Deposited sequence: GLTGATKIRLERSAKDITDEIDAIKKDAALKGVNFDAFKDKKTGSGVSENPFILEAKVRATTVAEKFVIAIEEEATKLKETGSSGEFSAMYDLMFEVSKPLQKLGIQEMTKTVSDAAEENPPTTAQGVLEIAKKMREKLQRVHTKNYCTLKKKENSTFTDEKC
């Protein structure tokens, strides 16, 4: 699947989401903890989607079908702990986008990543603005 720095960067950025979620899960909607967790998780998750976008662009002319599909596989995997935090249809968002634009090319991964980033931003904005 993924090789080289693309493998290192994407895996680390995906692990940064699960580290923060595990941080919140044992650190200590109108609940001020659910609100802050969604803002925190979407911040680090968005960084991961940007890295997905950057690495796909870098691999546009040289990446293979299996490399790009592995980036979607990572996006699907990181959507599960994000959905368990209360961001519903997070998995469906990336899974439906993969059906419309299958991740066999860099452009296909970018389309998937665009919808994932947009979803993560709406959740980030709605929860942050509720803090007030």
Inset, instruction - Can you give me the gaps, meaning deposited-sequence stretches with no C-alpha coordinates, in sequence order? - result: 29 to 47, 152 to 163
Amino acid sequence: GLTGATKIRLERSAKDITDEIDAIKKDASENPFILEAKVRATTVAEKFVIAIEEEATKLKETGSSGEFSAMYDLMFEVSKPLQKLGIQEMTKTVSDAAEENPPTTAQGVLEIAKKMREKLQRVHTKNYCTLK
From here on, numbers count along this sequence of modelled residues.
Legend entry - Mean temperature factor over C-alpha atoms, higher-scoring stretch between 85 to 93 and 30 to 38: 30 to 38
Legend entry - Mean C-alpha temperature factor, higher of 123 to 131 and 3 to 11: 123 to 131
Legend entry - residue 112 - Cα temperature factor, lowest/middle/highest third of chain: lowest
Inset, instruction - Name the third of the chain's ranked CA B-factors that contains residue 69, choosing lowest, middle or highest. - result: lowest
Inset, instruction - Can you work out whether the C-alpha temperature factor of residue 61 puts it in the lowest, middle or highest third of the chain? - result: highest
